[PDB]
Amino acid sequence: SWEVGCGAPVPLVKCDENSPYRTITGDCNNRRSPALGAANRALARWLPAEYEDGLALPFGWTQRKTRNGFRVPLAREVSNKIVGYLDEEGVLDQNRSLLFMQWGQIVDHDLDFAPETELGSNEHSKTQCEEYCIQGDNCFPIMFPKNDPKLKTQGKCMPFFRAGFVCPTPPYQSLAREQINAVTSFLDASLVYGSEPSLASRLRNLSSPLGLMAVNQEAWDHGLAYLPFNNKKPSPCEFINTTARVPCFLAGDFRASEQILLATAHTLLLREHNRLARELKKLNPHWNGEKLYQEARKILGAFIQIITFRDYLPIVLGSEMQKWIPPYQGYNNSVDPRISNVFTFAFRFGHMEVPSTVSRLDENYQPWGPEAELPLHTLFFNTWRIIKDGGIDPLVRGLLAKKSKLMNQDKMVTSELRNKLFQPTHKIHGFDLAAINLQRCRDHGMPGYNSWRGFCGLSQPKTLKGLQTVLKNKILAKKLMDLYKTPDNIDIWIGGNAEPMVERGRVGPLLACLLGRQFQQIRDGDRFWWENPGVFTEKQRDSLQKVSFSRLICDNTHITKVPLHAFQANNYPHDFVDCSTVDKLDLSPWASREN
């Protein structure tokens, strides 16, 4: 009956069995199934897609089509009634730095991107969505509810375009619509190096055989480097300040400029790559460009994997870490390494950890100038504030010394993202990321909240009283029930995010299960997992073991005061130490002596 593999959007299947290095595309990781976890393939389906017409149309598409006998609520109405709040006082996470937020976003961009469709980059269909708020084909606009303030100042809707799907660019009736993952499923620094050979070659410094990445030849972080500019026009980063006219950066990932701390994180990974490569070269003068690009790329991939699994995941998953991600037992070629469709929503727990302001700090970690603290919404697609307002060092001090927002059932997403989000082509700081998330859940054919509770062996509330006990919140349960009518219909993003956090974690039981399963799979299903025998030497792993975000800052900035534990909330100078006391990455176990 069922086939195995639709697809024209394959590049070239050209696997070197003897290769010590990853492909850029993620092909050839699994020997038995070589396209497994490759980029530009369908997101994995842990559960069958749920569409209004069983094939492709989202729930909420046809006004007269219920879900389980109830109209699905407007995404923007759920956002206004449940996700929004006014008072930023007391919202900050008393034991997570802002870098905890920022690393989450970095790891997400390494693992998944479902890009919006393109059957019109030169069309009236392009602007007919924003202009006329007309639903059709890939235009699935987020309509405003009657009492919405934006109805008064912004028109009838927020334009929204359906995510791209695998096989055919326009129509496809082969089976259910499957959304694409444009990046590699492996935790492999694809966001630094790219997931397509072309982008991957557009980015490298070939002009020297030192295996360095291409840099900005127009601005430097006072003796450091900038990501090159995407000189492609029109530029959203130019458009936010036509005076400054500073373009977006060019990274392995097209999202790198979305906000200034993401652009900052990415800058450090371009720079850290050079610091490793040059260290490699001074130690192995005989090695050519490739061995230094490929080998440098392999240590950085290993760095991300370690920071993610050693430092990041244990303070997300808390008491649930050991349950879902037990100590590593080695590579299992039967594990599916593909990112699931649901994971791309689960991992959006990060939107509730984003605070309303970003700060630039000085060597005493004190306000940097008179406009040191800036509203987050002024920093979307903002590269001019890095280049013309003192490079990345002051932002990096903020990442260390400021705190993440804490998820709060009564203060979910800051209005900087819920009302003032900036998106390219669109001209306003007027988008709602929460509403977008809910619309996207439906766009992607997501099973509802109880399908996912069932998937994770958790109770399935069917009444108001049921929902109250699971959320441990009467008022929140009552608002969701008024909007959704049955818990079966709660969109996974808001359902999962609404659950009280697990002991010593930052997500509830459902998300702990979904995130935990996915992370276990991307480690165990990865033939190039840093700690898989034959990837690194027993001695390198003693030394790759040394790596730190604390150390990565010290070694690629002019910052000399850092916490040891950079994801915990750190207050200067009390919880801060001098850089000298921080275990460095001894690359002596990479020393090559052939002759």
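In this text, rigid core is short for the largest set of C-alphas that superpose within 1.5 Å between two forms. Residue numbers run from 1 along the displayed sequence.
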{"query": "Higher C-alpha RMS shift from the shown form in 9 other deposited structures of this protein - 208 to 216 or 165 to 173, rigid core fit", "finding": "165 to 173"}
{"query": "More shifted region, core-based fit in 9 other deposited structures of this protein, 119 to 127 vs 234 to 242 by CA", "finding": "119 to 127"}
{"query": "Residue stretch of maximal mean CA temperature factor, 480 to 488 vs 507 to 515", "finding": "480 to 488"}
{"query": "Stretch exceeding the other in mean C-alpha B-factor - 270 to 278, 468 to 476", "finding": "270 to 278"}
{"query": "Most elevated Cα B-factor in the entry, residues 372, 283, 200, 316", "finding": "283"}
{"query": "Residue, from 87, 290, 499, 93, that the PDB entry assigns the highest Cα B-factor", "finding": "290"}
{"query": "Residue 347 - which third its CA temperature factor falls in, relative to the rest of the chain", "finding": "lowest"}
{"query": "Residue 248 CA temperature factor, ranked by third within the chain", "finding": "middle"}
{"query": "Where the record places residue 541 (Cα B-factor, split into thirds across the chain)", "finding": "highest"}
{"query": "Third of the chain's Cα B-factor distribution that residue 460 belongs to, per the entry", "finding": "middle"}
{"query": "Lowest, middle or highest third - CA B-factor, residue 104", "finding": "lowest"}
